[PDB]
Structures are given as structure tokens and as C-alpha cells.
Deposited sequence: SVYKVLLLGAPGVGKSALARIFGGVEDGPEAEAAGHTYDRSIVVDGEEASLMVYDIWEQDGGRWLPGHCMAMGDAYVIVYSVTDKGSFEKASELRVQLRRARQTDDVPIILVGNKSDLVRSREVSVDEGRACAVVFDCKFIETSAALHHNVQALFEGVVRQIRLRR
């Protein structure tokens, strides 16, 4: 039961940051979601066919570019290849230089069939939740 999770997105959004947090390259760690264990391997790929159990697409809420690159990715993913996709708006802490609102993320995931969450790698906020929902989401689509 080793779920393989791919970390995708535009440059500088905070991918390597999210991987590192979650697993103290490729990142290993087992977690408990709903009474049930779970062994995630997280691939910070921008640091192989495509053998992914889930995709996390990260954008920064301070970078509209990264955000619209994310939709573009989401559509690509869907045309090419099923596997669950999680849409992540990282950097929720930079309240000031924010370019994408929460609602824009949610009301764009829902329509393009992603799980949405905002994280802040800098404040270890929702990084836990993110990788928990990744596990849950792989289970929702057996």
C-alpha cells in the first residue's frame, strides 16, 4: 500500500517546501488517515513514464501565472490519461501580495474536478491536511 504522489506546478510556488515539510528528490513517510494507515511516497519531480497514484498541482496565491498554468496542467492531465488531482494554493501567509483569492481556487477546482486546499509552507498550515486528503482522495477513486 505505497501510494505514489507527484508534485507538479510552475517554478517558485513552493513544491520543494511542501515536500520537505511533509517528509522531514523523493520523500517517504507513513500517516494515519481515518483509523487507517497509509504510506505516501512524494516525488518532487522538477528537482518516468507516469506511475502516479495522485497528482498535486501547486500554484502560489501570490502568482496568477502559476494559477493559470495549473488549470492548463489540469486539462492536460485529463486529456492525456482516473487518478485524483489536488489543486494547491500555497503561500496563504503572504496576505498582501496575494493574486488569487480562495474562492477562485475552490470555484475552479470544483468545476475542473480537483480537490482544493490552500496551504502555507511557511506556517506549516494545511500541509498535514493536504497529504491526508491526497490519501482520502486516492481511496475515494479506489
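- If you line the structure up with the deposited chain, the stretches without a C-alpha atom are 25-35, 59-68, 103-105.
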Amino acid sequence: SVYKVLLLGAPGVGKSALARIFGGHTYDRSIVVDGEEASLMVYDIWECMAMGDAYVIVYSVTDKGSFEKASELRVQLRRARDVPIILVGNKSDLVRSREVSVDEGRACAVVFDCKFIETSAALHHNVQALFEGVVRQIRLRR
From here on, numbers count along this sequence of modelled residues.
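- Coverage remark for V83: present in the model in all other entries compared whose chains are built on both sides, leaving no third without it.
- The records show that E47 is omitted from the coordinate set of at least a third of the other eligible entries of this protein.
- Between the stretches 27-35 and 110-118, it is 27-35 that shows the larger average CA temperature factor.
- Mean C-alpha B-factor is higher over 129-137 than over the other stretch, the pair under comparison being 11-19 and 129-137.
- Sorting the modelled residues of the chain by their CA temperature factor places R96 in the highest third.
- Split the chain's modelled residues into thirds by C-alpha temperature factor. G105 is in the middle one.
- Residue-level temperature factors show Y55 in the middle third of its chain, judged at the C-alpha atom.
- Placement of the Cα temperature factor of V75 within the chain: middle third of the modelled residues, per the deposited record.
- Among the modelled residues of the chain, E68 sits in the middle third by CA temperature factor in this PDB entry.
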